[PDB]
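Protein chains in written order, with the entry's author numbering: chain E, 109 to 116; chain C, 1 to 114; chain B, 1 to 114; chain A, 1 to 114; chain D, 1 to 114.
Idealized CB from N, CA, C, for every residue including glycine.
As structure tokens, the structure follows; a few thoughts come after it.
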Amino acid sequence: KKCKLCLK
Amino acid sequence: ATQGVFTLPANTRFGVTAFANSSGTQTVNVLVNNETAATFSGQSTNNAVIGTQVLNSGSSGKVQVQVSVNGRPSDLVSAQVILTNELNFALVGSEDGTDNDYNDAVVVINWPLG
Amino acid sequence: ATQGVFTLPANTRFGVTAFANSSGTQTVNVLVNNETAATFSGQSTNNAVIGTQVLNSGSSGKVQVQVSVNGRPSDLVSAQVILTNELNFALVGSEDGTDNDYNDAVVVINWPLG
Amino acid sequence: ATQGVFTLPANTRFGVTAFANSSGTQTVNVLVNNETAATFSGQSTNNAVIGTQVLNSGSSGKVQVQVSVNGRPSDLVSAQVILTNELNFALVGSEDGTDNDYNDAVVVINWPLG
Amino acid sequence: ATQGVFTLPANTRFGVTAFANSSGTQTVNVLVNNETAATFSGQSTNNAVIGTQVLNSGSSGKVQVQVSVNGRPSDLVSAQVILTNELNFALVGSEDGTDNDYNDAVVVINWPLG
Ligand SMILES: *C(=O)C[C@@H]1O[C@@H](C)[C@@H](O)[C@@H](O)[C@@H]1O
Ligand SMILES: [Ca+2]
Ligand SMILES: [Ca+2]
Ligand SMILES: [Ca+2]
Ligand SMILES: [Ca+2]
Ligand SMILES: [Ca+2]
Ligand SMILES: [Ca+2]
Ligand SMILES: [Ca+2]
Ligand SMILES: [Ca+2]
């Protein structure tokens, strides 16, 4: 989600 | 030898783009300054772009790529190529199985941008 | 020397992907056996993927990348690099102006796929 | 209601062009007579033309546009417009997220050609 | 009636793309705030992209398309269509002769971008 650091 | 680690010029924007060629879902982690900066994930057997991102190389310039499938890290091959002393490519291939085509996740880092 | 022309193994699928880093609109043409097989157009100064596609090298295996801005051919730089004797990259850089950064249109061809 | 499905005159050449306006990589598939006839892909937030192609509507004239982002289908809006009873546009917009701008992939079909 | 003139939201980025379907060389002028902001020229009988660009609607938002073929003004048809109250198309067709197909230069303006 953001932690992770999921990016497109 | 260590693979998937590149020293870029510090505080420089670069692009990172990952393609998938495997029946297993690819997870690509891009680290800058030894910290996760971007994470891609997707599945394709047709070279689909599972992620593309512009990042900053930070104060150290150290960029590292990791690839894993279902928690299992893939074996990496990598190299850097520079054209006309200006255009830089940092190339990564990865292998998650036994056929050794090393295209299961392909990661291209390019700089400078703009 | 001639730039942007690559001999691939015949009848092989390959990916081709174009990035844009210029204020001018980039037009990227991928020819297979001297016939246009893919066209990407777009303007970006942030490494946008103005196109990615999977093509077949055909019976000739001849692949050519052309880049033009406002109808004027850009100057090209290119090379091929092979990792662990299996993973192939064909790389193309292009310059549309006077800064000589050669990232105005960046094309990456990779094979094998699947 | 169904969106992205258009009945063209049979056996007529038509153009199809895809634009991208999203951080996610767009995948546009064009089906003629329920068979995949073209596939465009790219990532841009600046309206890059990730694909353009001339297709034939075939004996059925049925053309369908599909858009997906890393495997997830986008929600589609569509309509057809005819100017001076001769010039046809088949328009498609798509949303891949939550902001509802419906420009993430924009597909324009136009006919007749030549 | 006046054709090819559209009032966009002020200070809004929009894409403009032109296709050609005529043996005559098409000249497309895109005016913003009554000043020429882009000019495309090219010749195709196969719907080829002769130009694409991102522009800003400016303080007035007034965008005008003009098409000429070797000094001869083309007659224009145009309309604007809004899908799901968000996605905008400004469509222009042009006729340079007598066959009344109005595809000789096709211009598609779309917004918003990003
Ligand atoms: C993901 O970030 C959502 C996405 O990308 C934004 C840049 C904007 O284009 C938005 O519309 C798109 O859905
Ligand atoms: Ca493998
Ligand atoms: Ca593989
Ligand atoms: Ca340059
Ligand atoms: Ca540049
Ligand atoms: Ca959106
Ligand atoms: Ca968008
Ligand atoms: Ca005509
Ligand atoms: Ca015509």
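### Message
Nearer than 7 Å: is that true of the beta carbon of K109(E) relative to any heavy atom of ligand 1?
### Response
Looking up residue 109(E) in the first sequence gives position 1. For ligand 1, not one heavy atom lies less than 7 Å from the Cβ of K109(E).
#### Entry: Cβ-based contacts, 8 Å cut-off: residues of the region 43–72 of chain B near chain C
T45, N46, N47, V49, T52 and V54
### Outcome for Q64(A) when other beta-carbon atoms lying within 10 angstroms are tallied against a minimum of 16
In the fourth sequence, counting from the first residue as 1, residue 64(A) sits at position 64. That one is buried.
### Task
Report yes if the CB atom of residue 115(A) is closer than 8 Å to the CB atom of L8(D), and no otherwise.
One cannot answer for residue 115(A) here, as it falls past the ends of chain A, which runs 1 to 114.
### Message
Please classify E35(B) as buried or exposed, where buried requires at least 16 other C-beta atoms within 10 Å of its C-beta.
### Response
Locating residue 35(B) in the third sequence gives position 35, counting from the first residue. Answer is exposed; the Cβ neighbour count stays below 16.
### Query
Between the Cα of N29(A) and the Cα atoms of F89(B), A1(B) and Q53(B), which residue gives the shortest distance?
In the fourth sequence, residue 29(A) corresponds to position 29, counting from 1. Answer by Cα proximity: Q53(B).
### Which of helix, strand or coil DSSP assigns to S68(D)
Residue mapping note: residue 68(D) aligns to position 68 of the fifth sequence, counting from 1. Looking at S68(D) - three-state DSSP - the assignment turns out to be strand.
### Message
Short of 7 Å in beta carbon distance, which residues of its chain neighbour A37(D), apart from the five on each side in sequence? Order them along the chain.
### Response
Taking the first residue of the fifth sequence as position 1, residue 37(D) is located at position 37. Taken in chain order, the residues that qualify are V30, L31 and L55.
### Task
Note down, in chain order, each residue of its chain lying with its Cβ closer than 7 Å to the Cβ of residue 117(C), except the 5 sequence neighbours on either side.
Nothing can be reported for residue 117(C): it is not among the residues displayed for chain C, which extend from 1 to 114.
### Task
Can you give me, in chain order, the residues of the region 75–103 of chain D that have a beta carbon less than 7 Å from any beta carbon in chain A?
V77, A79, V81, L83, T84, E86, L87, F89, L91, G93, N100, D101, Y102 and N103
### Query
Helix, strand or coil: which one does DSSP assign to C114(E)?
As a first step, residue 114(E) must be located in the first sequence, where it is residue number 6. The answer is strand: DSSP assigns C114(E) an E or B state.
### Query
What separation, rounded to the nearest whole angstrom, lies between the Cα atoms of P73(C) and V67(C)?
Position 73 of the second sequence, counted from the start, is the residue given in the question as residue 73(C). Position 67 of the second sequence, counted from the start, is the residue given in the question as residue 67(C). If you take the alpha carbons of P73(C) and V67(C), they lie about 6 Å apart.
### Query
Can you name the start and end residues of the beta strand (DSSP E) that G51(B) belongs to?
By one-based count along the third sequence, residue 51(B) stands at place 51. Its beta strand (DSSP E) spans residues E35 to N56.
### Message
Can you list, in chain order, the residues of its chain with a C-beta nearer than 6 Å to that of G51(B)? Leave out the 5 residues immediately preceding and following it.
### Response
Taking the third sequence and counting its residues from 1, the one referred to as residue 51(B) is at position 51. Same-chain partners within the cutoff: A18 and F40.
#### Entry: Short CB-CB distance (under 8 Å) between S41(B) and chain D
Here residue 41(B) is taken as the residue at index 41 of the third sequence, counted from 1. Yes, because at least one Cβ of chain D sits closer than 8 Å to the Cβ of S41(B).
#### Entry: Same chain only: Cβ atoms within 7 Å of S57(B), ignoring 5 sequence neighbours per side
If you number the third sequence from 1, residue 57(B) lands on position 57. The answer, listed in chain order, is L8, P9, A10, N11, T12, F14, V32 and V63.
### Query
Got a sec: is the Cβ-Cβ distance from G24(A) to anything in chain E below 8 Å?
The residue given as residue 24(A) occupies position 24 in the fourth sequence. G24(A) counts as touching chain E.
### Query
Whose C-alpha, out of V77(D), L87(D), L113(D) and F89(D), is nearest the C-alpha of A105(D)?
As a first step, residue 105(D) is located in the fifth sequence; it is residue number 105 there, counting from the start. Minimum Cα distance to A105(D) is reached at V77(D).
### Query
Does the separation of the CB atoms of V16(B) and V81(B) fall below 8 Å?
Here residue 16(B) corresponds to residue number 16 of the third sequence, with the count starting at 1. Here residue 81(B) corresponds to residue number 81 of the third sequence, with the count starting at 1. No, the Cβ-Cβ distance between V16(B) and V81(B) is not below 8 Å.
### Query
When every heavy atom of ligand 5 is checked, does at least one fall within less than 7 Å of the C-beta of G114(C)?
On the second sequence, residue 114(C) is found 114 positions in, with the first residue counted as 1. Checking every heavy atom of ligand 5 against the Cβ of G114(C), one is found closer than 7 Å.
### Task
For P112(C), decide whether its Cβ has a neighbour in chain B, counting only Cβ atoms nearer than 8 Å.
Sequence index remark: in the second sequence, residue 112(C) carries index 112 (1-based). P112(C) counts as touching chain B.
### Collapsed DSSP secondary structure at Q26(C) in the structure displayed
Walking along the second sequence from the start, residue 26(C) turns up at place 26. Strand at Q26(C).
### Query
Any chance the CB of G15(B) is under 7 Å from a heavy atom of ligand 8?
In the third sequence, residue 15(B) corresponds to position 15, counting from 1. No - ligand 8 has no heavy atom lying nearer than 7 Å to the Cβ of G15(B).
### Query
Whose Cβ in chain C lies nearer than 9 Å to the Cβ of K116(E)?
The residue labelled residue 116(E) in the question sits at position 8 within the first sequence. Those within 9 Å of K116(E) in chain C are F40, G51, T52 and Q53.
### Task
Below 8 Å on the Cβ atoms is my guess for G24(A) versus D96(A); work out the distance and round it to an integer in Å.
Sequence index remark: in the fourth sequence, residue 24(A) carries index 24 (1-based). Sequence index remark: in the fourth sequence, residue 96(A) carries index 96 (1-based). At roughly 5 Å, the Cβ-Cβ gap stays under 8 Å, so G24(A) and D96(A) are in contact.
### Task
Confirm, please, whether the CB-CB distance from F89(C) to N103(C) is below 8 Å.
Position 103 of the second sequence, counted from the first residue, corresponds to residue 103(C). Position 89 of the second sequence, counted from the first residue, corresponds to residue 89(C). Contact flag unset, no.
### Message
So, with DSSP's three-state summary, where would you put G61(D)?
### Response
Here the question's residue 61(D) lines up with position 61 in the fifth sequence. If DSSP states are grouped into helix, strand and coil, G61(D) belongs with coil.
#### Entry: CB contact check: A37(C) to chain E, cutoff 8 Å
For this step, residue 37(C) is matched to residue 37 along the second sequence. Chain E contact via Cβ: present.
### Query
Around ligand 6, which residues pass a check of Cβ closer than 7 Å to any of its heavy atoms?
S22(A), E95(A), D96(A), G97(A), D99(A), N100(A), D101(A), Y102(A), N103(A) and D104(A)
### Query
Does any CB atom of chain A fall closer than 8 Å to the CB of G15(D)?
Along the fifth sequence, read from residue 1 onward, the residue named residue 15(D) stands at position 15. For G15(D), the answer is yes, since a Cβ of chain A falls inside 8 Å of its Cβ.
### Message
Give me, in chain order, the residues of the same chain whose beta-carbon lies closer than 6 Å to that of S94(C); leave out the 5 immediate sequence neighbours on both sides.
### Response
Within the second sequence, the letter at position 94 stands for residue 94(C). Cβ within range, chain order: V67, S74, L76, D104 and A105.
### Message
Tell me the DSSP secondary structure of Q80(A) in three-state form.
### Response
Looking up residue 80(A) in the fourth sequence gives position 80. Correct three-state label for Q80(A): strand.
### Per-residue DSSP class, three states only, for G93(B)
Taking the first residue of the third sequence as 1, we reach residue 93(B) at position 93. Reduced to three states, the DSSP call for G93(B) is strand.
### Query
Should residue 183(A) be counted as a contact of ligand 1 given a C-beta to heavy atom distance under 7 Å?
Residue 183(A) cannot be examined here, being either before or after the span of chain A that is shown, 1 to 114.
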